[PDB]
């Protein structure tokens, strides 16, 4: 297996065959990188947690040797042409960047947000129940607009702007035209920049306001840093969630017995959302690291300066922790999944995500119980060649009845 990673996700109900055969060989294997390099590939679940929690495996893209797995040469160069992202800093510097935002995702904080989320979901579910289309693309009706608007709600954009925020955000993930996206971000970075300025003078009940207040009361303002935060949040939480919604439906639909459980008792939904996250693990290899020291792990001696890639999808399908990992079992209480990562960088909005999905799945199947795929499974175009797994478009329908 001189194989060169990454390997495309060809089947949405089983990870690349090569992945399993790699784990069967060892918890950690040195692999070939299509990008040209070479790096360590962690397939074992225990080792996955190990590295992701071990600070010796840096996430700083400013370091020579950082793996070009999910990164371009140009993408790496861009990151080295601006301040580091939270997703790219270590220890103290990281902590300092995360502490001031941890509060925006507490149980209480997110609790007050719930209603706003429900309303957004209900709205689009409505728009669906009134479409003049035979088949409807669940991706453009639900998947995309929901996470984006939920986030702008969080940041604090006025309701009177949802349409704008929805169109630019949606285009920033456009499939065609590298310029449309560029033009999308552009118009947004402008909106957000001024929106914040407005907030500085007469705030409200949003993240922006609360942030501007802390910086003032604490040390001093950082307009750019705040503008940067907004995008970090939108960026790391829009497509991931969207794709999770898409795959969540397809997964639930392709497993009736499981869908009935969720549809029968909504209290079982939260645990179902966890199984769905493990099952698909759409962030698979975004957890690339750069060893800054020599480390003995997984029975392998990793030398400093070498790249380390943690495969979350591989860890979440590790049979040594998840009995029959190949089966979609909403019932299993198997905690410890890594779809959200592990360690210092574990997903900051993992709970906002859990909330969205939970609300989306319940509402969707409660309001449109007979929802089914408008086309055969093999026809649904999955984003199997994308860094973050998902589905390009998902045609669907339901039964319009009479009494």
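Numbering follows the first chain given and starts at 1.
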- [ ] Would you determine, from the values in the PDB entry, which of 236-244 and 211-219 has the greater average C-alpha temperature factor?
- [x] 211-219
Task: Between the two ranges 195-203 and 158-166, the one averaging a larger CA B factor in the entry - done: 195-203
Task: Criterion, highest CA B-factor; candidates, 140, 131, 118, 316 - done: 131
- [ ] Choose from 122, 187, 275, 93 the residue with the greatest Cα B-factor as stated in the PDB record.
- [x] 187
- [ ] Using the B-factor values recorded in the entry, state whether the Cα atom of residue 51 falls in the lowest, middle or highest third among the modelled residues of its chain.
- [x] lowest
TODO: Select lowest, middle or highest to describe the third in which the CA B-factor of residue 37 falls within its chain in this entry.
DONE: highest
Open item on the list: Where does the C-alpha B-factor of residue 360 rank in its chain, lowest, middle or highest third?
Closed with: middle
Task: Entry-reported Cα temperature factor of residue 369, expressed as the chain third it lands in - done: middle
TODO: Sort the modelled residues of this chain by their C-alpha B factor and say whether residue 336 lands in the lowest, middle or highest third.
DONE: highest
